[PDB]
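To keep things clear, I will list the structure first and then write my remarks on it.
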Amino acid sequence: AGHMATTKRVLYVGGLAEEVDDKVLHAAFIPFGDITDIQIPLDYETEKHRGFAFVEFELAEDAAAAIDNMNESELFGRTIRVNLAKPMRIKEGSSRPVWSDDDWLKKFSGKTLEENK
RNA sequence: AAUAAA
């Protein structure tokens, strides 16, 4: 079967509550491995938290496990999304695949990512 | 899903 490129150790987060600051994501994502950086970009229209953020770790198996355990999860009483960044450039100009959510999230929702080896 | 504000 097909799969996304070797891009790892990074995760986008969206749908955040108005209180999910950097220390909140640091405590919400640490049980899966060991975090190494966090990001809280503003809306840059009124200089306030836009409701989305980023996470990074020193290991790739932690980031992939959070896609398997924190995708469509819930923070602050509301749903949130977790996934590796889409094909738009990232904070360091790195390129990425298209990340089509139909097939990728279908194989992450099914047990097929663990039955195979 | 993002306009990656340290």
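FYI, residue positions are counted from 1 along the chain as it appears here.
Determined via solution NMR.
Every residue gets a Cβ built from N, Cα and C, even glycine.
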Swiss-Prot tags one of A:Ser94, A:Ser109 as phosphoserine; which one?
A:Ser94
For the domain 'RRM' (A:9-87), residues assigned helix / strand / coil by DSSP:
21 helix, 25 strand, 33 coil
In sequence order, which residues at least six apart in the same chain have a CB under 8 Å from the CB of A:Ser94 (phosphoserine)?
A:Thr7
